[PDB]
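Only one chain is shown below, in structure tokens, and it's the form deposited in one PDB entry.
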């Protein structure tokens, strides 16, 4: 196909040259996503662990989204953003050599235990710091959920899964494509309206419900029929606010605003009294798999 070859060659120029198997050993699969698989590997000399995401060009939904997988991590070096070391083209696959995140995904934690507000705030602060930098450059993540948040062994929190990113500017102020996971999708986005970075703030709102209630709303419903409910009904509320402090409550009320214009921005939210509750990375360590019995 003229389509495949042209895209292959383009991507070739974007990525670093060569094959990482000239310095890496012990490729073992450690999980898979929608784009492709992720495996750990070892640096020959160092003996250090890294993570490698492998993505087949021929097996993509929208092939051009693969540029994000390289560019976003390269251009947004940040405390709360996964470090990318290199990107290579191996045959018909894109390989991204990035830091291995020992602590796993946030999903593992929310599905099993209940976090306290100290720990919830610490996650939100990390994500909002990451998003403020992205939104500042008109970059929307479009896939905010617990699965996109990875942890270190020492309890630091980093954002991942940039494959669905899009960029708005003064020329193109809004996106209109339908991307992201059904339950974390903003109402204006589901309605197929022109949308901006405000859709990420909503998704974060759904991720707070995840951290409090353990599920995004309507999670037990089929994906299609759940989207209709998000599109039709009022902003979802927490099950019971008896034990939720008004700090969190008032914070979540700024996230899950139906009108995008009234919804808060990452810049604004970074100053919300609630985020001052955020504990040290050490307060997150108890929540991780290894430290549970």
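Positions refer to the first chain, counted from 1. Residues that one form lacks are left out of the comparison. If you superpose the two forms and keep the largest set of C-alpha atoms that fall within 1.5 Å, you have the rigid core.
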Worksheet item: Out of 183-191 and 116-124, which stretch has the higher average CA B-factor listed in the record?
Response: 183-191
Worksheet item: Which wins on mean Cα temperature factor, 69-77 or 125-133?
Response: 69-77
Worksheet item: Per the entry, which of 145, 141, 158, 176 tops the list for Cα B factor?
Response: 176
Item to complete: Identify, among 241, 266, 50, 255, the residue whose C-alpha carries the highest B-factor in the deposited PDB entry.
Response: 241
Worksheet item: Compared with the other modelled residues in the chain, in which third is the CA B-factor of residue 107?
Response: middle
Worksheet entry | Third of the chain, ranked by Cα B-factor, where residue 95 sits | lowest
Worksheet item: Mind checking which third residue 60 falls in for C-alpha B-factor across the chain?
Response: highest
Response to the item:
So, residue 199's CA B-factor, relative to its chain, sits in which third? The middle
Discussion item. Among the modelled residues of this chain, does the Cα B factor of residue 164 put it in the lowest, middle or highest third?
Written reply: middle
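Here the subject shifts to the form solved in complex with a partner chain, a form of this protein not shown in this document.
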Discussion item. Between the partner chain and 80, 99 and 152, in the deposited complex, does every residue show a non-hydrogen atom at 4.5 Å or closer?
Written reply: no
Practice prompt. Tell me, yes or no, whether residue 147 is in contact with the partner chain in the deposited complex, where a contact means a heavy atom of each within 4.5 Å.
Written response: yes
Discussion item. So, residue 107 and the partner chain: in the deposited complex, are they within 4.5 Å at any heavy atom pair?
Written reply: yes
Discussion item. Even though the partner isn't displayed, in the deposited complex is residue 202 close enough to the partner chain, meaning a heavy atom within 4.5 Å?
Written reply: no
Practice prompt. Examine residue 164 and determine whether its closest non-hydrogen atom to the partner chain in the deposited complex is within 4.5 angstroms.
Written response: yes
Item to complete: Report the stretch among 43-51, 242-250, 255-263, 27-35 that approaches the partner chain in the deposited complex to within 4.5 Å, counting heavy atoms only.
Response: 27-35
Item to complete: May I ask you to choose, among 143, 117, 188, 93, the residue with a heavy atom within 4.5 Å of the partner chain in the deposited complex?
Response: 143
Worksheet entry | Segments of at least three residues whose Cα atoms shift by 2 Å or more between this form and the one not shown, after superposing on the rigid core | 240-243
